[PDB]
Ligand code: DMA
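Just one chain follows, in the form deposited without the ligand, and it is written as structure tokens.
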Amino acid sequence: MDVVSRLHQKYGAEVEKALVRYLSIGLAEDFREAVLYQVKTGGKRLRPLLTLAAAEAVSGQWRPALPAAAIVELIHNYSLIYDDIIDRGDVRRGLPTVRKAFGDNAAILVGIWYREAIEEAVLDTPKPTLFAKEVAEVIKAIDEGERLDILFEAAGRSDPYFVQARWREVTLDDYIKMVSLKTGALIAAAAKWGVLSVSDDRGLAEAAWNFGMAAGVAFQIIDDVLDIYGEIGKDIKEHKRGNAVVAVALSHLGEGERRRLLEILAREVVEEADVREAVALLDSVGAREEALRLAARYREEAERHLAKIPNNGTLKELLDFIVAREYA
């Protein structure tokens, strides 16, 4: 009876109903399958589960936060629809992506639809003008985080902007800022929005936001370690300097080792032997362990903020899962 299974049982059916409800407003019958596709392919629903748990911890009630929970999961899926176009992703959750099944241009029409469904959910919250502003701010954060992650790549893009605006250097501080935007902001919002749905306590909302942000950063760092040590070397093959282990290593490596790691990342096609060489360079400065220590720092930060939230037992279990506490 892990926490995600337990909360899926408790909240899952109402979350799915809410997603379909807002997407379905005004939806033409011959567009229905294409539009609902992205929310019918499965997914862990961690973000809306967090929203509802946060609302329940602070108020005893979760149902009032269903509109907010739909907002956060629809934003997640909006971002995925476009990310699949941008990265030409064929498969997600073990099934074809929207762009694969329907076409890239059809997926654009679907993505556009998702954002107006998000607005319908905003208008259904207890505080519509507040949520409207927070949604605009969070989507701009995600868009900016994605822009940065792409400009932190060393190769592999054909868009003139992505090549010409590529960053010359990517520091650890740059990496942390990028992941806070790309991954942290929406987890922060998931928690904060659960509180805002049921409470006017500004301190509690802010503690929730800070908890979710730190949790999201820890999650992303752990994911980055997995995306190096494993498919071994995934992020290396994808030329990413925006990877916690890579960013950590580039900060410690000597002149020629640093230069060599960057040479490998910039290879137009990264070979298996290049991957092992890059990993050896990362290991030569203990970058994997440094990354895990950084994740621990953010996990502990998340705990400090979470201690400010009452009746937080379920939130604590979620945290352990979101940040893959056990794995690390």
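One rule holds for the numbers: they count along the sequence shown, beginning at 1.
The same protein also exists as the form solved in complex with the ligand; that form is not shown, yet it is the one meant from here on.
Visitor: Select, from the options 262-270, 61-69, 40-48, 290-298, the stretch whose residues sit within 4.5 angstroms of the ligand in the deposited bound form by heavy atom distance.
Guide: Looking at the other structure, the answer is 40-48.
Visitor: With the partner left out here, check for me: in the deposited bound form, does some heavy atom of residue 234 sit within 4.5 Å of the ligand?
Guide: Output for residue 234 is yes: heavy atoms within 4.5 Å of the ligand.
Visitor: Might residue 99 be said to contact the ligand in the deposited bound form, defining contact as any heavy atom within 4.5 Å?
Guide: No.
Visitor: Can you tell me if residue 192 lies within 4.5 angstroms of the ligand in the deposited bound form, counting non-hydrogen atoms only?
Guide: No, no contact at 4.5 Å.
Visitor: Residue 149 versus the ligand, in the deposited bound form: is there a non-hydrogen atom within 4.5 Å?
Guide: Although the ligand is absent here, residue 149 would touch it in the deposited bound form, with heavy atoms inside 4.5 Å.
Visitor: With the partner absent here, would 166, 175 and 257 each sit within 4.5 Å of the ligand in the deposited bound form, counting heavy atoms only?
Guide: So, no: the whole triplet misses the ligand.
Visitor: Have a look at 188, 107, 253, 142 for me and say which one sits with a heavy atom within 4.5 Å of the ligand in the deposited bound form.
Guide: Exactly one residue meets the criterion: 142.
Visitor: Looking at 219, 131, 114, 209 here, can you tell me which has any non-hydrogen atom within 4.5 angstroms of the ligand in the deposited bound form?
Guide: The residue from 219, 131, 114, 209 that makes the contact is 219.
Visitor: Along 245-275, which positions have a non-hydrogen atom within 4.5 Å of the ligand in the deposited bound form?
Guide: Read in sequence order, no residue approaches the ligand (within 4.5 Å, in the deposited bound form).
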